[PDB]
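Visitor: Can you read through this structure? Questions will come right after.
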Amino acid sequence: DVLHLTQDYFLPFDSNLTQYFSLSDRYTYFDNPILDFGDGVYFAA
Amino acid sequence: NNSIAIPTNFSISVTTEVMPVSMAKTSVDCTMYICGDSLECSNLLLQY
Ligand SMILES: *[C@@H]1O[C@H](CO)[C@@H](O)[C@H](O)[C@H]1NC(C)=O
C-alpha cells in the first residue's frame, strides 16, 4: 500500500515491437533469426 | 485661561506615500540544482 517510484530497466510505454511469424506446419517461411538481448528483453508470444 | 488661537487662513497640501504590494514569485527545481544532469546523483535523490 505504497506509491513507490524507482529507476530501472523497463519496457517503455506505447513502444513499437517487431512482429515475427511462426506457424511440418510451416506455410509462409516461418522461422526465427538471432535477436539482440541488450540489457533486458520482453518476450510476448 | 482666557486666550485662544483661531487661524485666519489655510492651505491645501499633497503628500506622497509609497507602499509595497507584491514581490517576485520564484520556482525552484530540486533536480538540475542539487544533482544537475547526473543520473548517479538522481538515483540517490529518490529517497528525498
Ligand atoms: C515505432 O516507435 C519508435 C519509438 O517510438 C519510433 O522510433 C518508430 O519510428 C516507430 N515506427 C512506426 C512505424 O511508427
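Residue numbers (PDB author numbering), protein chains in the order written: chain A, 50 to 72, 76 to 97; chain C, 678 to 725. Each residue gets a CB set at the ideal place from its N, CA and C atoms; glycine is no exception.
Ligand 1 and C/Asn720: does the residue's C-beta get closer than 6 Å to at least one heavy atom of that ligand?
Guide: no
Visitor: Can you give me the start and stop residues for the alpha helix (DSSP H) that C/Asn720 sits inside?
Guide: Bounds of the alpha helix (DSSP H) holding C/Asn720 are 716 to 721.
Visitor: Determine the direct distance from the alpha carbon of A/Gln68 to that of A/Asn84, and round the result to whole angstroms.
Guide: 11 Å
Visitor: Is the stretch 717 to 725 of chain C close to the stretch 55 to 70 of chain A, with three or more CB pairs under 8 Å?
Guide: yes
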